[PDB]
$ cat final.cif   # mmCIF, C-alpha atoms
data_input
#
loop_
_atom_site.label_atom_id
_atom_site.label_comp_id
_atom_site.auth_asym_id
_atom_site.auth_seq_id
_atom_site.Cartn_x
_atom_site.Cartn_y
_atom_site.Cartn_z
CA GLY A 1 -5.48 5.49 21.61
CA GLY A 2 -2.44 3.25 21.48
CA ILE A 3 -0.96 1.81 18.29
CA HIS A 4 -0.92 -2.00 18.12
CA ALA A 5 0.78 -4.37 15.70
CA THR A 6 -1.58 -6.38 13.49
CA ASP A 7 -1.62 -8.71 10.48
CA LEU A 8 -3.05 -8.61 6.97
CA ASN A 9 -5.38 -11.49 7.82
CA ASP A 10 -7.84 -8.87 9.04
CA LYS A 11 -10.56 -7.86 6.57
CA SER A 12 -10.31 -4.21 7.60
CA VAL A 13 -6.52 -4.15 7.60
CA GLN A 14 -6.55 -5.67 4.10
CA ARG A 15 -8.96 -3.04 2.78
CA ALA A 16 -6.81 -0.24 4.17
CA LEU A 17 -3.74 -1.79 2.55
CA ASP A 18 -5.51 -2.15 -0.80
CA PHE A 19 -6.30 1.55 -0.63
CA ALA A 20 -2.63 2.37 -0.01
CA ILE A 21 -1.50 0.20 -2.93
CA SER A 22 -4.10 1.77 -5.23
CA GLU A 23 -3.05 5.28 -4.25
CA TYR A 24 0.64 4.41 -4.58
CA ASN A 25 0.11 3.22 -8.13
CA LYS A 26 -2.31 5.97 -9.11
CA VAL A 27 -0.86 9.07 -7.45
CA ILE A 28 2.58 8.48 -5.95
CA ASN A 29 4.41 6.19 -8.37
CA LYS A 30 4.73 7.37 -11.98
CA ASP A 31 5.95 4.16 -13.60
CA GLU A 32 4.05 2.58 -16.48
CA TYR A 33 4.11 -0.76 -14.68
CA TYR A 34 2.07 -1.82 -11.65
CA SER A 35 3.89 -2.24 -8.32
CA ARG A 36 2.66 -4.43 -5.49
CA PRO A 37 3.90 -5.28 -2.01
CA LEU A 38 6.96 -7.46 -1.42
CA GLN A 39 6.77 -6.88 2.36
CA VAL A 40 4.27 -5.29 4.74
CA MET A 41 4.34 -4.41 8.45
CA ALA A 42 1.03 -3.21 9.86
CA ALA A 43 -0.34 -1.51 12.97
CA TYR A 44 -3.67 0.06 13.92
CA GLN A 45 -4.93 2.68 16.36
CA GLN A 46 -8.46 3.33 17.53
CA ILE A 47 -9.30 7.01 17.90
CA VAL A 48 -12.47 9.02 18.45
CA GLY A 49 -14.48 8.84 15.25
CA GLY A 50 -12.46 6.12 13.57
CA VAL A 51 -9.32 4.05 13.21
CA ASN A 52 -5.90 4.74 11.79
CA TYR A 53 -3.80 2.13 10.04
CA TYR A 54 -0.03 2.38 9.71
CA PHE A 55 1.83 0.46 7.04
CA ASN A 56 5.51 0.05 6.23
CA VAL A 57 5.43 -1.28 2.68
CA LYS A 58 8.17 -2.39 0.33
CA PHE A 59 6.94 -2.26 -3.26
CA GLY A 60 8.40 -4.12 -6.21
CA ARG A 61 7.67 -3.48 -9.89
CA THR A 62 5.65 -6.15 -11.73
CA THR A 63 5.47 -7.09 -15.41
CA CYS A 64 1.88 -5.84 -15.69
CA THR A 65 1.07 -2.32 -16.89
CA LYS A 66 -1.16 -0.29 -14.58
CA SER A 67 -3.78 -0.24 -17.32
CA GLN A 68 -4.42 -3.98 -17.64
CA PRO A 69 -7.55 -5.51 -16.01
CA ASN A 70 -5.94 -8.37 -14.07
CA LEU A 71 -3.33 -7.44 -11.46
CA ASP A 72 -2.20 -8.46 -7.95
CA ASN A 73 -1.04 -11.87 -9.18
CA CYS A 74 1.33 -10.09 -11.57
CA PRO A 75 4.87 -11.53 -11.47
CA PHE A 76 7.57 -9.19 -10.19
CA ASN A 77 10.12 -8.03 -12.73
CA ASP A 78 13.14 -10.27 -12.06
CA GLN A 79 15.66 -8.49 -14.28
CA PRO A 80 18.74 -6.68 -12.92
CA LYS A 81 18.22 -2.89 -12.74
CA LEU A 82 14.50 -3.20 -13.49
CA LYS A 83 13.23 -4.10 -10.01
CA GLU A 84 12.45 -0.53 -8.96
CA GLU A 85 11.71 -1.33 -5.33
CA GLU A 86 10.62 1.39 -2.93
CA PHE A 87 9.89 1.53 0.78
CA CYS A 88 6.90 3.58 1.87
CA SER A 89 5.25 4.28 5.18
CA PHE A 90 1.54 5.09 5.12
CA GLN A 91 -0.80 6.56 7.70
CA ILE A 92 -4.38 5.82 6.68
CA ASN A 93 -7.52 7.00 8.46
CA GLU A 94 -10.89 5.30 8.19
CA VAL A 95 -14.35 5.72 9.72
CA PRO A 96 -15.32 2.02 10.29
CA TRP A 97 -19.01 2.87 9.88
CA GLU A 98 -19.24 5.37 7.02
CA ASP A 99 -17.17 3.77 4.26
CA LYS A 100 -14.74 6.67 4.62
CA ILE A 101 -10.99 6.17 4.20
CA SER A 102 -8.08 8.45 3.33
CA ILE A 103 -4.32 8.91 3.39
CA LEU A 104 -3.18 11.17 6.24
CA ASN A 105 0.51 11.04 5.38
CA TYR A 106 3.08 8.94 3.56
CA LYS A 107 6.80 8.88 2.87
CA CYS A 108 8.51 6.85 0.18
CA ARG A 109 12.17 6.23 -0.65
CA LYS A 110 13.65 4.01 -3.36
CA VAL A 111 15.48 0.98 -1.98
#
$ encode --input "final.cif" --output "structure tokens"
Amino acid sequence: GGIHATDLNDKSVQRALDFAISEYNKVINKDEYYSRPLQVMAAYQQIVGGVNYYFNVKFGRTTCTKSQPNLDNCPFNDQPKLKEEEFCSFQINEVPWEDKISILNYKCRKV
């Protein structure tokens, strides 16, 4: 039941992160432009009935609108006062055998 540090080079860890980014852009952040991670610290914890992932993520605003097909490889806005970076911590729970995943808690603060 302990929480261990891990990297993004793990298929499962990546999927959990993608879910956090999607939720950040869809529900938490209200900007017109898409934000993606500048930094990420990850940890995981195995519990009865699933696994929890913990992420400390620093988001940066990109030059892509949230409504355009291609994203992820979107350049970050590099203009003064238009960066709009934010640090968020996410607690994500998944059931590694039922395709179930959800956000348990999160806290964001602009950098």
$ resolve_selection --input "final.cif" --expression "the PyMOL selection byres ((chain A and resi 72-84) around 12)" --output "count of residues only"
33
$ resolve_selection --input "final.cif" --expression "the PyMOL selection byres ((chain A and resi 12) around 12)" --output "list in words"
residues 6, 7, 8, 9, 10, 11, 13, 14, 15, 16, 17, 18, 19, 42, 43, 44, 51, 52, 53, 92, 93, 94, 95, 96, 97, 99 and 101 of chain A
$ atom_distance --input "final.cif" --atom1 "atom CA of residue A:41" --atom2 "atom CA of residue A:91"
12.1 Å
$ axis_aligned_box --input "final.cif" --around "stretch 77-84 of chain A" --padding-each-side "4 Å" --output "AutoDock Vina command-line options"
--center_x 14.4 --center_y -5.4 --center_z -11.6 --size_x 16.6 --size_y 17.7 --size_z 13.3
$ atom_distance --input "final.cif" --atom1 "atom CA of residue A:47" --atom2 "atom CA of residue A:28"
26.7 Å
$ decode --input "final.cif" --residues "stretch 33-75 of chain A" --atoms "N, CA and C atoms" --output "PDB file, in the first residue's frame"
ATOM      1  N   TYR A  33      -6.860  28.300 -25.187  1.00  0.00           N
ATOM      2  CA  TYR A  33      -5.734  27.507 -25.662  1.00  0.00           C
ATOM      3  C   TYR A  33      -5.402  26.275 -24.831  1.00  0.00           C
ATOM      4  N   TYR A  34      -4.893  25.262 -25.518  1.00  0.00           N
ATOM      5  CA  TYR A  34      -4.513  23.987 -24.924  1.00  0.00           C
ATOM      6  C   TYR A  34      -3.223  24.105 -24.109  1.00  0.00           C
ATOM      7  N   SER A  35      -3.220  23.519 -22.916  1.00  0.00           N
ATOM      8  CA  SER A  35      -2.032  23.511 -22.061  1.00  0.00           C
ATOM      9  C   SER A  35      -1.513  22.084 -21.967  1.00  0.00           C
ATOM     10  N   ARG A  36      -0.196  21.928 -21.946  1.00  0.00           N
ATOM     11  CA  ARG A  36       0.371  20.600 -21.798  1.00  0.00           C
ATOM     12  C   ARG A  36       1.509  20.673 -20.795  1.00  0.00           C
ATOM     13  N   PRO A  37       1.939  19.521 -20.282  1.00  0.00           N
ATOM     14  CA  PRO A  37       3.015  19.509 -19.297  1.00  0.00           C
ATOM     15  C   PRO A  37       4.387  20.026 -19.695  1.00  0.00           C
ATOM     16  N   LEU A  38       4.967  20.806 -18.784  1.00  0.00           N
ATOM     17  CA  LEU A  38       6.314  21.348 -18.904  1.00  0.00           C
ATOM     18  C   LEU A  38       7.200  20.464 -18.014  1.00  0.00           C
ATOM     19  N   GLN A  39       6.611  19.982 -16.918  1.00  0.00           N
ATOM     20  CA  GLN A  39       7.312  19.127 -15.954  1.00  0.00           C
ATOM     21  C   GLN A  39       6.319  18.140 -15.355  1.00  0.00           C
ATOM     22  N   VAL A  40       6.805  16.969 -14.959  1.00  0.00           N
ATOM     23  CA  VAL A  40       5.941  15.974 -14.338  1.00  0.00           C
ATOM     24  C   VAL A  40       6.727  15.094 -13.375  1.00  0.00           C
ATOM     25  N   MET A  41       6.191  14.924 -12.170  1.00  0.00           N
ATOM     26  CA  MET A  41       6.782  14.048 -11.155  1.00  0.00           C
ATOM     27  C   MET A  41       5.672  13.034 -10.901  1.00  0.00           C
ATOM     28  N   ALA A  42       6.002  11.749 -10.946  1.00  0.00           N
ATOM     29  CA  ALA A  42       4.977  10.733 -10.787  1.00  0.00           C
ATOM     30  C   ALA A  42       5.285   9.683  -9.731  1.00  0.00           C
ATOM     31  N   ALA A  43       4.215   9.144  -9.146  1.00  0.00           N
ATOM     32  CA  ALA A  43       4.297   8.091  -8.133  1.00  0.00           C
ATOM     33  C   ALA A  43       3.055   7.215  -8.272  1.00  0.00           C
ATOM     34  N   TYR A  44       3.139   5.976  -7.804  1.00  0.00           N
ATOM     35  CA  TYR A  44       1.997   5.075  -7.887  1.00  0.00           C
ATOM     36  C   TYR A  44       1.846   4.312  -6.579  1.00  0.00           C
ATOM     37  N   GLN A  45       0.656   3.775  -6.365  1.00  0.00           N
ATOM     38  CA  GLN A  45       0.349   3.034  -5.152  1.00  0.00           C
ATOM     39  C   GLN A  45      -0.640   1.930  -5.461  1.00  0.00           C
ATOM     40  N   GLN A  46      -0.284   0.702  -5.114  1.00  0.00           N
ATOM     41  CA  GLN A  46      -1.198  -0.398  -5.353  1.00  0.00           C
ATOM     42  C   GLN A  46      -2.082  -0.577  -4.132  1.00  0.00           C
ATOM     43  N   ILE A  47      -3.387  -0.599  -4.370  1.00  0.00           N
ATOM     44  CA  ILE A  47      -4.372  -0.771  -3.308  1.00  0.00           C
ATOM     45  C   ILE A  47      -5.308  -1.905  -3.698  1.00  0.00           C
ATOM     46  N   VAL A  48      -6.164  -2.306  -2.765  1.00  0.00           N
ATOM     47  CA  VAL A  48      -7.124  -3.367  -3.026  1.00  0.00           C
ATOM     48  C   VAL A  48      -8.124  -2.878  -4.066  1.00  0.00           C
ATOM     49  N   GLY A  49      -8.210  -3.593  -5.181  1.00  0.00           N
ATOM     50  CA  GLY A  49      -9.146  -3.211  -6.220  1.00  0.00           C
ATOM     51  C   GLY A  49      -8.608  -2.239  -7.255  1.00  0.00           C
ATOM     52  N   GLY A  50      -7.320  -1.919  -7.190  1.00  0.00           N
ATOM     53  CA  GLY A  50      -6.777  -1.001  -8.175  1.00  0.00           C
ATOM     54  C   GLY A  50      -5.434  -0.373  -7.873  1.00  0.00           C
ATOM     55  N   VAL A  51      -5.172   0.745  -8.540  1.00  0.00           N
ATOM     56  CA  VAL A  51      -3.918   1.454  -8.366  1.00  0.00           C
ATOM     57  C   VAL A  51      -4.175   2.948  -8.421  1.00  0.00           C
ATOM     58  N   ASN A  52      -3.454   3.693  -7.604  1.00  0.00           N
ATOM     59  CA  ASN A  52      -3.599   5.135  -7.615  1.00  0.00           C
ATOM     60  C   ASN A  52      -2.322   5.710  -8.184  1.00  0.00           C
ATOM     61  N   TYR A  53      -2.458   6.785  -8.954  1.00  0.00           N
ATOM     62  CA  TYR A  53      -1.310   7.470  -9.524  1.00  0.00           C
ATOM     63  C   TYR A  53      -1.328   8.882  -8.970  1.00  0.00           C
ATOM     64  N   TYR A  54      -0.155   9.397  -8.635  1.00  0.00           N
ATOM     65  CA  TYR A  54      -0.045  10.744  -8.102  1.00  0.00           C
ATOM     66  C   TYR A  54       0.880  11.541  -8.998  1.00  0.00           C
ATOM     67  N   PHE A  55       0.389  12.669  -9.504  1.00  0.00           N
ATOM     68  CA  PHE A  55       1.210  13.494 -10.368  1.00  0.00           C
ATOM     69  C   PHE A  55       1.310  14.931  -9.884  1.00  0.00           C
ATOM     70  N   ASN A  56       2.512  15.486 -10.010  1.00  0.00           N
ATOM     71  CA  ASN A  56       2.779  16.889  -9.711  1.00  0.00           C
ATOM     72  C   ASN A  56       3.096  17.360 -11.119  1.00  0.00           C
ATOM     73  N   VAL A  57       2.212  18.179 -11.675  1.00  0.00           N
ATOM     74  CA  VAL A  57       2.366  18.647 -13.040  1.00  0.00           C
ATOM     75  C   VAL A  57       2.405  20.151 -13.205  1.00  0.00           C
ATOM     76  N   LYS A  58       3.378  20.629 -13.971  1.00  0.00           N
ATOM     77  CA  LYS A  58       3.465  22.049 -14.261  1.00  0.00           C
ATOM     78  C   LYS A  58       3.007  22.166 -15.703  1.00  0.00           C
ATOM     79  N   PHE A  59       1.924  22.904 -15.914  1.00  0.00           N
ATOM     80  CA  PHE A  59       1.361  23.110 -17.242  1.00  0.00           C
ATOM     81  C   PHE A  59       1.805  24.438 -17.815  1.00  0.00           C
ATOM     82  N   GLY A  60       1.908  24.484 -19.139  1.00  0.00           N
ATOM     83  CA  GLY A  60       2.277  25.703 -19.832  1.00  0.00           C
ATOM     84  C   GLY A  60       1.292  25.848 -20.977  1.00  0.00           C
ATOM     85  N   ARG A  61       0.887  27.075 -21.287  1.00  0.00           N
ATOM     86  CA  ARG A  61      -0.056  27.292 -22.383  1.00  0.00           C
ATOM     87  C   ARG A  61       0.619  27.159 -23.743  1.00  0.00           C
ATOM     88  N   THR A  62      -0.055  26.498 -24.683  1.00  0.00           N
ATOM     89  CA  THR A  62       0.474  26.326 -26.038  1.00  0.00           C
ATOM     90  C   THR A  62      -0.205  27.302 -26.998  1.00  0.00           C
ATOM     91  N   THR A  63       0.209  27.259 -28.259  1.00  0.00           N
ATOM     92  CA  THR A  63      -0.353  28.138 -29.275  1.00  0.00           C
ATOM     93  C   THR A  63      -1.505  27.481 -30.036  1.00  0.00           C
ATOM     94  N   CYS A  64      -1.901  26.292 -29.587  1.00  0.00           N
ATOM     95  CA  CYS A  64      -3.008  25.560 -30.196  1.00  0.00           C
ATOM     96  C   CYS A  64      -4.268  25.799 -29.382  1.00  0.00           C
ATOM     97  N   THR A  65      -5.409  25.906 -30.058  1.00  0.00           N
ATOM     98  CA  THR A  65      -6.675  26.085 -29.356  1.00  0.00           C
ATOM     99  C   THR A  65      -7.096  24.679 -28.952  1.00  0.00           C
ATOM    100  N   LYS A  66      -7.895  24.563 -27.901  1.00  0.00           N
ATOM    101  CA  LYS A  66      -8.318  23.252 -27.434  1.00  0.00           C
ATOM    102  C   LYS A  66      -9.190  22.517 -28.437  1.00  0.00           C
ATOM    103  N   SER A  67      -9.711  23.254 -29.411  1.00  0.00           N
ATOM    104  CA  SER A  67     -10.603  22.686 -30.413  1.00  0.00           C
ATOM    105  C   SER A  67      -9.953  22.216 -31.709  1.00  0.00           C
ATOM    106  N   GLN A  68      -8.631  22.278 -31.808  1.00  0.00           N
ATOM    107  CA  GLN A  68      -7.995  21.830 -33.040  1.00  0.00           C
ATOM    108  C   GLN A  68      -7.484  20.397 -32.923  1.00  0.00           C
ATOM    109  N   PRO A  69      -7.803  19.559 -33.923  1.00  0.00           N
ATOM    110  CA  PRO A  69      -7.422  18.146 -34.008  1.00  0.00           C
ATOM    111  C   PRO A  69      -6.051  17.781 -33.445  1.00  0.00           C
ATOM    112  N   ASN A  70      -4.990  18.263 -34.081  1.00  0.00           N
ATOM    113  CA  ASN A  70      -3.642  17.947 -33.621  1.00  0.00           C
ATOM    114  C   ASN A  70      -3.229  18.765 -32.404  1.00  0.00           C
ATOM    115  N   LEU A  71      -2.663  18.080 -31.415  1.00  0.00           N
ATOM    116  CA  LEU A  71      -2.203  18.709 -30.182  1.00  0.00           C
ATOM    117  C   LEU A  71      -0.963  17.966 -29.695  1.00  0.00           C
ATOM    118  N   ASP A  72      -0.622  18.148 -28.422  1.00  0.00           N
ATOM    119  CA  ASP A  72       0.533  17.488 -27.813  1.00  0.00           C
ATOM    120  C   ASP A  72       1.877  18.029 -28.299  1.00  0.00           C
ATOM    121  N   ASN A  73       2.040  18.136 -29.614  1.00  0.00           N
ATOM    122  CA  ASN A  73       3.281  18.650 -30.185  1.00  0.00           C
ATOM    123  C   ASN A  73       3.148  20.147 -30.454  1.00  0.00           C
ATOM    124  N   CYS A  74       2.163  20.751 -29.801  1.00  0.00           N
ATOM    125  CA  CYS A  74       1.876  22.179 -29.920  1.00  0.00           C
ATOM    126  C   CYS A  74       2.925  23.006 -29.193  1.00  0.00           C
ATOM    127  N   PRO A  75       3.563  23.961 -29.892  1.00  0.00           N
ATOM    128  CA  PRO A  75       4.590  24.792 -29.259  1.00  0.00           C
ATOM    129  C   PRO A  75       4.026  25.583 -28.080  1.00  0.00           C
TER     130      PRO A  75
END
